[PDB]
Structure formats: structure tokens, C-alpha cells
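Student: Have a look at this one before I ask anything.
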Amino acid sequence: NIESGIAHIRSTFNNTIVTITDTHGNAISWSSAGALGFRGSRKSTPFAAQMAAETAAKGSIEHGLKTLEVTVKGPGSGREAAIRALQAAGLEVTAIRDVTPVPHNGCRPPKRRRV
RNA sequence: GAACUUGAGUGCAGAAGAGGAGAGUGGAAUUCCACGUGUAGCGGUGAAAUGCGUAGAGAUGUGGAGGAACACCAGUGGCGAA
């Protein structure tokens, strides 16, 4: 039973995962578009991000959270939907923080697609 | 052969620079390894599948290993014969 937590939203182009943890990063609960039965294109859509956030939130509310800090990673379109969905579940969102990993010129990226 | 100082160079006084070689050091990120929390998918596509995952993955926290490259600055900006 913990109150304050961080909501890690990993929004990629293919899927949106939402893990909810305590302030010390111990996992309370998590949800992802795939876990909710979305497949392929559907998982990417922002609608699925909403549903993923709601499902993750309702799992956490059992443990008794009230305030969430939000961290967003990846280039997906889910972050806004997932954040608004967390607010709609009742948990107040203190601050959103983009923590997408930025290399300072490190590893060579994979070759560009010729689509 | 003898003069001259503009070319060329030297002296003296300043200026900028990713110019080069050598030796160190630093932060981000990817991967891997160990551990805590935690559960059913993760990944990928135009759509899928191969692949990875209940032998506990992906997500998340701490620490560690190693290799390569140096975000912002950064600019028809600088330096170099290329």
C-alpha cells in the first residue's frame, strides 16, 4: 500500500506500455495495448494508449495511489492519451517529464529503410 | 660589375583556429551480466510471420563490464596543400 508513484509510459510506434511504480521504482502494476488484446496497427493508435493507461491505473488504485509523476519515453503518439487517461482515472498528475534516451553521438543507427 | 626596394624572405609586436602526433580524463546512449519490484506478452509490418518470453521476457530501480562515437554549442563558421 503506497500513495506516491511514477508512471512510466513507453510510447513507441508499434505499442504503448504503461508501467506504474513506487517512487523507488518498484513495479506496482503495468498495462500495454497488446495486453488489452489490440493487434498490429491498433496497438499504435492513441485510443489504445488511453485504454492501456486506464487499465494500468485501475490496477494501481487497489494499492492506493493518489498522486503520479509521469515519465514519457519513445516517439509514439500515445503520451497525451495515456496522460489524460491517468487523470480521468482520478489520480492527479503532478508533472510530466520527457525522458526519451538521447545519445550524445554513440552507437551507429540501423540503416535507413528503403520503403 | 656596381647600386635600389616594391617581389620574396628575416627580425620585432600582436591575433584566431575541429591543423597534426602522443599521453591521459569525462558525460550521455546501445548491448551484455548480477540483483530487487513485477506479469503475460514483447518485437516487428502496408498486412503478417520468422524471432524472443511462464525456464519469468518486455517495462522498472541499483551497481558493474566492455567497445565505438563525441548531443547542446554548431554558424554557405574555422583550420589544412589535398
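Starting from 1 in every chain, residues are counted up; chains themselves are A, B, ... following the order of the C-alpha cells, and ligands are numbered from 1 as listed.
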Within 9 Å of residue B:68, counting only C-alpha atoms (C1' of nucleotides), which residues show up once you throw out same-chain ones fewer than 2 positions away? Write them as a PyMOL selection string, please.
Tutor: chain A and resi 106-108
Student: Set out as JSON lines a contact list for chain A and chain B with a cut-off of 10 Å, giving each residue of chain A that qualifies its closest atom pair and distance in Å to one decimal, counting only C-alpha atoms (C1' of nucleotides), ordered by chain and rising residue number.
Tutor:
```
{"residue": "A:6", "atom": "CA", "partner": "B:60", "partner_atom": "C1'", "distance": 9.9}
{"residue": "A:7", "atom": "CA", "partner": "B:60", "partner_atom": "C1'", "distance": 9.9}
{"residue": "A:8", "atom": "CA", "partner": "B:60", "partner_atom": "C1'", "distance": 8.0}
{"residue": "A:9", "atom": "CA", "partner": "B:59", "partner_atom": "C1'", "distance": 9.0}
{"residue": "A:10", "atom": "CA", "partner": "B:59", "partner_atom": "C1'", "distance": 8.0}
{"residue": "A:14", "atom": "CA", "partner": "B:44", "partner_atom": "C1'", "distance": 8.0}
{"residue": "A:15", "atom": "CA", "partner": "B:42", "partner_atom": "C1'", "distance": 9.5}
{"residue": "A:17", "atom": "CA", "partner": "B:59", "partner_atom": "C1'", "distance": 7.1}
{"residue": "A:18", "atom": "CA", "partner": "B:59", "partner_atom": "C1'", "distance": 7.6}
{"residue": "A:19", "atom": "CA", "partner": "B:59", "partner_atom": "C1'", "distance": 6.0}
{"residue": "A:20", "atom": "CA", "partner": "B:60", "partner_atom": "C1'", "distance": 8.4}
{"residue": "A:21", "atom": "CA", "partner": "B:60", "partner_atom": "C1'", "distance": 7.1}
{"residue": "A:22", "atom": "CA", "partner": "B:37", "partner_atom": "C1'", "distance": 9.1}
{"residue": "A:23", "atom": "CA", "partner": "B:61", "partner_atom": "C1'", "distance": 9.7}
{"residue": "A:24", "atom": "CA", "partner": "B:61", "partner_atom": "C1'", "distance": 6.6}
{"residue": "A:25", "atom": "CA", "partner": "B:61", "partner_atom": "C1'", "distance": 5.1}
{"residue": "A:26", "atom": "CA", "partner": "B:37", "partner_atom": "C1'", "distance": 4.0}
{"residue": "A:27", "atom": "CA", "partner": "B:37", "partner_atom": "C1'", "distance": 4.9}
{"residue": "A:28", "atom": "CA", "partner": "B:38", "partner_atom": "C1'", "distance": 6.6}
{"residue": "A:29", "atom": "CA", "partner": "B:38", "partner_atom": "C1'", "distance": 7.0}
{"residue": "A:30", "atom": "CA", "partner": "B:59", "partner_atom": "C1'", "distance": 7.7}
{"residue": "A:31", "atom": "CA", "partner": "B:59", "partner_atom": "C1'", "distance": 9.2}
{"residue": "A:32", "atom": "CA", "partner": "B:41", "partner_atom": "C1'", "distance": 9.1}
{"residue": "A:34", "atom": "CA", "partner": "B:41", "partner_atom": "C1'", "distance": 7.1}
{"residue": "A:35", "atom": "CA", "partner": "B:41", "partner_atom": "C1'", "distance": 6.5}
{"residue": "A:40", "atom": "CA", "partner": "B:45", "partner_atom": "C1'", "distance": 8.1}
{"residue": "A:41", "atom": "CA", "partner": "B:45", "partner_atom": "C1'", "distance": 8.9}
{"residue": "A:101", "atom": "CA", "partner": "B:29", "partner_atom": "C1'", "distance": 6.7}
{"residue": "A:102", "atom": "CA", "partner": "B:29", "partner_atom": "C1'", "distance": 6.2}
{"residue": "A:103", "atom": "CA", "partner": "B:29", "partner_atom": "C1'", "distance": 3.8}
{"residue": "A:104", "atom": "CA", "partner": "B:71", "partner_atom": "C1'", "distance": 3.9}
{"residue": "A:105", "atom": "CA", "partner": "B:69", "partner_atom": "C1'", "distance": 5.4}
{"residue": "A:106", "atom": "CA", "partner": "B:69", "partner_atom": "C1'", "distance": 4.6}
{"residue": "A:107", "atom": "CA", "partner": "B:30", "partner_atom": "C1'", "distance": 6.0}
{"residue": "A:108", "atom": "CA", "partner": "B:69", "partner_atom": "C1'", "distance": 7.9}
{"residue": "A:109", "atom": "CA", "partner": "B:30", "partner_atom": "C1'", "distance": 9.4}
```
Student: Store the residues picked out above in a file with N, CA, C and O atoms, as a CSV table (one decimal), in the first residue's frame.
Tutor:
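part.csv was written with the following content:
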```csv
chain,number,residue,atom,x,y,z
A,6,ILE,N,5.5,6.8,-9.7
A,6,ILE,CA,5.9,7.3,-11.1
A,6,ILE,C,5.2,6.4,-12.1
A,6,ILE,O,5.1,5.2,-11.9
A,7,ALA,N,4.6,7.0,-13.1
A,7,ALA,CA,4.0,6.3,-14.3
A,7,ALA,C,5.0,6.4,-15.5
A,7,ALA,O,5.1,7.4,-16.1
A,8,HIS,N,5.6,5.3,-15.8
A,8,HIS,CA,6.5,5.2,-16.9
A,8,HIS,C,5.6,4.8,-18.2
A,8,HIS,O,5.1,3.7,-18.2
A,9,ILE,N,5.5,5.7,-19.1
A,9,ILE,CA,4.8,5.5,-20.4
A,9,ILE,C,5.9,5.3,-21.5
A,9,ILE,O,6.6,6.3,-21.8
A,10,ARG,N,6.0,4.1,-22.0
A,10,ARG,CA,6.9,3.8,-23.1
A,10,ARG,C,6.0,3.8,-24.4
A,10,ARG,O,5.4,2.8,-24.7
A,14,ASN,N,4.9,1.1,-32.4
A,14,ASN,CA,4.1,-0.1,-32.6
A,14,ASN,C,3.2,-0.4,-31.4
A,14,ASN,O,2.2,-1.1,-31.5
A,15,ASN,N,3.6,0.0,-30.2
A,15,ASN,CA,2.9,-0.3,-29.0
A,15,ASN,C,3.1,0.8,-27.9
A,15,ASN,O,4.1,1.5,-28.0
A,17,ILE,N,3.3,0.9,-23.8
A,17,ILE,CA,3.4,0.2,-22.5
A,17,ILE,C,3.3,1.3,-21.4
A,17,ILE,O,3.9,2.3,-21.5
A,18,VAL,N,2.5,1.0,-20.3
A,18,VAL,CA,2.4,1.8,-19.2
A,18,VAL,C,2.7,1.0,-17.9
A,18,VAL,O,1.9,0.2,-17.6
A,19,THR,N,3.8,1.2,-17.3
A,19,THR,CA,4.2,0.6,-16.0
A,19,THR,C,4.0,1.7,-15.0
A,19,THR,O,4.4,2.9,-15.1
A,20,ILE,N,3.4,1.3,-13.8
A,20,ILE,CA,3.3,2.2,-12.7
A,20,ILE,C,4.1,1.6,-11.5
A,20,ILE,O,4.0,0.4,-11.2
A,21,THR,N,5.0,2.4,-10.9
A,21,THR,CA,5.9,2.0,-9.9
A,21,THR,C,5.8,3.0,-8.7
A,21,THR,O,5.2,4.0,-8.8
A,22,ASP,N,6.4,2.6,-7.6
A,22,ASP,CA,6.5,3.5,-6.5
A,22,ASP,C,7.6,4.6,-6.8
A,22,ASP,O,8.1,4.6,-7.9
A,23,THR,N,7.9,5.4,-5.8
A,23,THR,CA,8.9,6.5,-6.0
A,23,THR,C,10.3,5.8,-6.2
A,23,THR,O,11.1,6.4,-6.8
A,24,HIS,N,10.5,4.7,-5.6
A,24,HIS,CA,11.7,4.0,-5.7
A,24,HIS,C,11.8,3.0,-6.9
A,24,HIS,O,12.7,2.2,-7.0
A,25,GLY,N,10.8,3.0,-7.8
A,25,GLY,CA,10.8,2.3,-9.0
A,25,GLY,C,10.5,0.8,-8.8
A,25,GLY,O,10.8,0.0,-9.7
A,26,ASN,N,9.9,0.4,-7.7
A,26,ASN,CA,9.3,-1.0,-7.6
A,26,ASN,C,8.0,-1.0,-8.3
A,26,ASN,O,7.1,-0.2,-8.1
A,27,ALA,N,7.9,-2.0,-9.2
A,27,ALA,CA,6.7,-2.1,-10.1
A,27,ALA,C,5.5,-2.5,-9.2
A,27,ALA,O,5.4,-3.4,-8.5
A,28,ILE,N,4.4,-1.6,-9.3
A,28,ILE,CA,3.1,-1.9,-8.7
A,28,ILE,C,2.3,-2.7,-9.7
A,28,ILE,O,1.9,-3.8,-9.5
A,29,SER,N,2.1,-2.1,-10.9
A,29,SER,CA,1.3,-2.7,-12.0
A,29,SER,C,1.8,-2.2,-13.3
A,29,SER,O,2.6,-1.2,-13.4
A,30,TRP,N,1.2,-2.7,-14.4
A,30,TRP,CA,1.6,-2.3,-15.7
A,30,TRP,C,0.5,-2.8,-16.7
A,30,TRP,O,-0.2,-3.7,-16.4
A,31,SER,N,0.4,-2.0,-17.8
A,31,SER,CA,-0.5,-2.4,-18.9
A,31,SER,C,0.0,-1.9,-20.2
A,31,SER,O,0.7,-0.9,-20.3
A,32,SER,N,-0.3,-2.7,-21.3
A,32,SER,CA,0.1,-2.3,-22.6
A,32,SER,C,-1.0,-2.6,-23.6
A,32,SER,O,-1.9,-3.5,-23.3
A,34,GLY,N,-1.0,-4.3,-26.2
A,34,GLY,CA,-1.0,-5.7,-26.5
A,34,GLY,C,-1.7,-6.5,-25.5
A,34,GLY,O,-2.5,-7.5,-25.8
A,35,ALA,N,-1.5,-6.1,-24.2
A,35,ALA,CA,-2.1,-6.9,-23.1
A,35,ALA,C,-3.6,-6.8,-23.2
A,35,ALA,O,-4.3,-7.6,-22.6
A,40,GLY,N,-1.4,-5.5,-34.0
A,40,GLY,CA,-0.9,-4.8,-35.2
A,40,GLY,C,-1.1,-3.3,-35.1
A,40,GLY,O,-0.7,-2.6,-34.1
A,41,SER,N,-1.8,-2.7,-36.1
A,41,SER,CA,-1.9,-1.3,-36.2
A,41,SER,C,-2.7,-0.8,-35.0
A,41,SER,O,-2.4,0.4,-34.5
A,101,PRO,N,15.5,8.5,-24.2
A,101,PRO,CA,17.0,8.5,-24.2
A,101,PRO,C,17.6,9.2,-25.4
A,101,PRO,O,17.2,8.9,-26.6
A,102,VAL,N,18.5,10.1,-25.2
A,102,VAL,CA,19.2,10.9,-26.2
A,102,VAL,C,20.7,10.5,-26.2
A,102,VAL,O,21.4,10.8,-25.2
A,103,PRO,N,21.2,9.8,-27.1
A,103,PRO,CA,22.6,9.5,-27.2
A,103,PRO,C,23.4,10.8,-27.5
A,103,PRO,O,22.9,11.6,-28.4
A,104,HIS,N,24.6,11.0,-26.9
A,104,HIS,CA,25.4,12.1,-27.3
A,104,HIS,C,26.4,11.5,-28.4
A,104,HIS,O,27.6,11.4,-28.2
A,105,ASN,N,25.8,11.2,-29.6
A,105,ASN,CA,26.6,10.6,-30.6
A,105,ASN,C,27.3,9.3,-30.1
A,105,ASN,O,28.5,9.3,-30.0
A,106,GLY,N,26.5,8.3,-29.9
A,106,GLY,CA,27.0,7.0,-29.6
A,106,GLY,C,26.9,6.0,-30.7
A,106,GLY,O,27.7,6.1,-31.7
A,107,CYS,N,26.0,5.0,-30.6
A,107,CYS,CA,26.1,3.8,-31.4
A,107,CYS,C,25.5,4.1,-32.8
A,107,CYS,O,24.5,4.9,-32.9
A,108,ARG,N,26.1,3.6,-33.9
A,108,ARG,CA,25.6,3.7,-35.2
A,108,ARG,C,24.2,3.3,-35.4
A,108,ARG,O,23.9,2.1,-35.0
A,109,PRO,N,23.2,4.1,-35.8
A,109,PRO,CA,21.8,3.7,-36.0
A,109,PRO,C,21.7,2.6,-37.1
A,109,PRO,O,22.6,2.4,-37.9
```
Student: Name the residues of stretch 4-114 of chain A that fall into strand (DSSP E) according to DSSP on the backbone, using the chain letters and numbers of this document, as a VMD selection string.
Tutor: chain A and resid 4 to 11 16 to 22 27 to 32 67 to 73 92 to 98
Student: May I have the residues from that selection written out with C-alpha atoms, as a PDB file, in the first residue's frame?
Tutor:
```pdb
ATOM      1  CA  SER A   4       3.049   8.345  -4.464  1.00  0.00           C
ATOM      2  CA  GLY A   5       4.343   6.734  -7.648  1.00  0.00           C
ATOM      3  CA  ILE A   6       5.884   7.271 -11.071  1.00  0.00           C
ATOM      4  CA  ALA A   7       4.015   6.317 -14.261  1.00  0.00           C
ATOM      5  CA  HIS A   8       6.473   5.158 -16.935  1.00  0.00           C
ATOM      6  CA  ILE A   9       4.831   5.485 -20.369  1.00  0.00           C
ATOM      7  CA  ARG A  10       6.858   3.821 -23.147  1.00  0.00           C
ATOM      8  CA  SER A  11       5.156   5.033 -26.326  1.00  0.00           C
ATOM      9  CA  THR A  16       2.356   1.736 -25.817  1.00  0.00           C
ATOM     10  CA  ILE A  17       3.366   0.191 -22.487  1.00  0.00           C
ATOM     11  CA  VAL A  18       2.428   1.845 -19.191  1.00  0.00           C
ATOM     12  CA  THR A  19       4.168   0.636 -16.032  1.00  0.00           C
ATOM     13  CA  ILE A  20       3.293   2.151 -12.650  1.00  0.00           C
ATOM     14  CA  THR A  21       5.906   2.024  -9.894  1.00  0.00           C
ATOM     15  CA  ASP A  22       6.537   3.495  -6.470  1.00  0.00           C
ATOM     16  CA  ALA A  27       6.679  -2.137 -10.058  1.00  0.00           C
ATOM     17  CA  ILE A  28       3.127  -1.915  -8.727  1.00  0.00           C
ATOM     18  CA  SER A  29       1.296  -2.690 -11.972  1.00  0.00           C
ATOM     19  CA  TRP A  30       1.554  -2.280 -15.728  1.00  0.00           C
ATOM     20  CA  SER A  31      -0.547  -2.432 -18.871  1.00  0.00           C
ATOM     21  CA  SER A  32       0.111  -2.324 -22.607  1.00  0.00           C
ATOM     22  CA  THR A  67      -0.514  11.317  -6.981  1.00  0.00           C
ATOM     23  CA  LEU A  68       1.538  10.299 -10.022  1.00  0.00           C
ATOM     24  CA  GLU A  69       4.669  11.629 -11.642  1.00  0.00           C
ATOM     25  CA  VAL A  70       4.694  10.806 -15.362  1.00  0.00           C
ATOM     26  CA  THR A  71       7.760   9.955 -17.450  1.00  0.00           C
ATOM     27  CA  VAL A  72       7.427   9.587 -21.228  1.00  0.00           C
ATOM     28  CA  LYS A  73       9.836   7.697 -23.488  1.00  0.00           C
ATOM     29  CA  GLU A  92      -3.682  13.628 -10.070  1.00  0.00           C
ATOM     30  CA  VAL A  93      -0.623  14.051 -12.299  1.00  0.00           C
ATOM     31  CA  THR A  94       1.974  16.316 -10.703  1.00  0.00           C
ATOM     32  CA  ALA A  95       4.479  16.689 -13.545  1.00  0.00           C
ATOM     33  CA  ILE A  96       5.140  15.174 -16.972  1.00  0.00           C
ATOM     34  CA  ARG A  97       8.800  14.674 -17.892  1.00  0.00           C
ATOM     35  CA  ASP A  98      10.080  13.541 -21.290  1.00  0.00           C
TER      36      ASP A  98
END
```
Student: Interatomic distance between atom CA of residue A:53 and atom CA of residue A:1?
Tutor: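 Going from atom CA of residue A:53 over to atom CA of residue A:1 covers 19.8 Å.
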Student: Taking only chain A into account, list the residues labelled helix (DSSP H, G or I) by DSSP (computed from the backbone), as a PyMOL selection string.
Tutor: chain A and resi 34-36+41-44+46-63+79-88
Student: Can you tell me, as JSON, numbers by chain, what residues are no more than 9 Å from stretch 3-20 of chain B when counting only C-alpha atoms (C1' of nucleotides), ignoring any on the same chain fewer than 5 positions away?
Tutor: {"B": [78, 79, 80]}
Student: Rounded to one decimal place, report the atom CA of residue A:39-atom CA of residue A:84 distance in Å.
Tutor: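 Value for the atom CA of residue A:39-atom CA of residue A:84 distance: 22.5 Å.
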Student: By how many Å are atom CA of residue A:54 and atom CA of residue A:38 apart?
Tutor: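 Distance between the two atoms: 14.6 Å.
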